[PDB]
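The figures here come from the full heavy-atom set of this structure, side chains too, leaving out hydrogens, waters and symmetry mates. Starting from 1, each residue takes its place in the sequence as its number.
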Amino acid sequence: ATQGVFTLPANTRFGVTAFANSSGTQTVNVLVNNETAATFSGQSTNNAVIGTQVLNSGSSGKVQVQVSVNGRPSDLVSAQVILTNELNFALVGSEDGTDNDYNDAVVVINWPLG
Ligand SMILES: *C(=O)C[C@@H]1O[C@@H](C)[C@@H](O)[C@@H](O)[C@@H]1O
Ligand SMILES: [Ca+2]
Ligand SMILES: [Ca+2]
């Protein structure tokens with residue numbers, strides 16, 4: 001199934017933050033309505049934050065996370081969780097290799113802000 005694609009409410013600010021846990025430099029691209037809105041890159045095996053940013057979901061609300069390592073797309077896992085009918089999380093893990101820890105880039109999107 002498709003992973004890493006989330007429909008947000010339109011015209012709403014949201015946060016996106018990426019963490020790395022791999023020997024490989026992770027590149028995380030965040031598309032809003034199919035156009036690049038942020039791109040983060042970095043290397044850590046210690047959960048370093050490789051980027052954090054506030055972005056607007058725009059007219060479509062469509063947000064897609066892509067993760068690439070060594071020029072190759074990583075395998076993605078994702079889900080969304082909503083607490084008290086108000087606080088939203090879109091969660092992505094990714095695997096760049098064969099150990100299947102799925103933490104090589106971890107991406108957390110949260111809304112609403114403010
Ligand atoms: C080896 O390069 C694989 C790669 O880096 C490891 C240190 C570990 O984080 C593994 O999950 C990652 O796929
Ligand atoms: Ca891995
Ligand atoms: Ca890892």
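At least one side-chain heavy atom of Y102 sits less than 4.5 Å from a side-chain heavy atom of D75. Between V49 and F40 there is no side-chain heavy-atom pair separated by less than 4.5 Å. Counting only heavy atoms from C-beta outward, the side chains of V28 and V92 never approach each other to under 4.5 Å. Looking only at side-chain heavy atoms (C-beta outward), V63 and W111 stay at 4.5 Å or farther from each other. At a threshold of 4.5 Å between non-hydrogen side-chain atoms, the residues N21 and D101 do not count as touching. By the 4.5 Å heavy-atom criterion applied to side chains, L91 and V107 are not counted as neighbours. At a threshold of 4.5 Å between non-hydrogen side-chain atoms, the residues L76 and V67 count as touching. Put simply, the side chain of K62 reaches to within 4.5 Å of the side chain of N34, judged on heavy atoms.
The one candidate from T27, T36, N29 that meets the side-chain hydrogen bond (donor to acceptor under 3.5 Å, both in side chains) condition with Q66 is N29.
Here the straight-line distance linking atom CD of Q64 with atom OG1 of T2 works out to 8.0 Å at 0.5 Å rounding. Remark: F19 CZ to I50 CD1 distance equals 10.0 Å, nearest 0.5 Å.
The two residues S94 and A105 make their nearest non-hydrogen contact at OG-O, 2.8 Å. Among all heavy-atom pairs drawn from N56 and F14, the shortest one is C-CE2, 3.8 Å. Taking both residues in full, the closest heavy atoms of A38 and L55 are given as CB-CD1, 4.1 Å, listed atom of the first, atom of the second, then distance. Shown here for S59 and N33, the closest heavy-atom pair between the two residues is OG-ND2, 4.3 Å. Scanning both residues, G58 and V32, for their nearest heavy atoms gives N-CG1, 4.4 Å.
With hydrogens and angles ignored, the 3.5 Å screen pairs a side-chain donor or acceptor of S57 with a backbone N or O of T12. With hydrogens and angles disregarded, a donor-acceptor distance shorter than 3.5 Å links the side chain of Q3 to the backbone of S78. Checking side-chain atoms of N88 against main-chain N and O of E86 turns up a donor-acceptor pair under 3.5 Å. At distances below 3.5 Å, not a single donor-acceptor pair connects side-chain atoms of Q43 with backbone N or O atoms of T25. Proximity of a side-chain donor or acceptor of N46 to a complementary backbone N or O of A48 within less than 3.5 Å is not detected.
By the rule that hydrophobic residues join a cluster once side-chain heavy atoms approach within less than 4.5 Å of another member, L87 and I82 end up as members of separate clusters. If you chain together hydrophobic residues whose side chains sit under 4.5 Å apart, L83 and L8 never meet in one group.
No side-chain donor from either of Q26 and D104 sits under 3.5 Å from a side-chain acceptor of the other.
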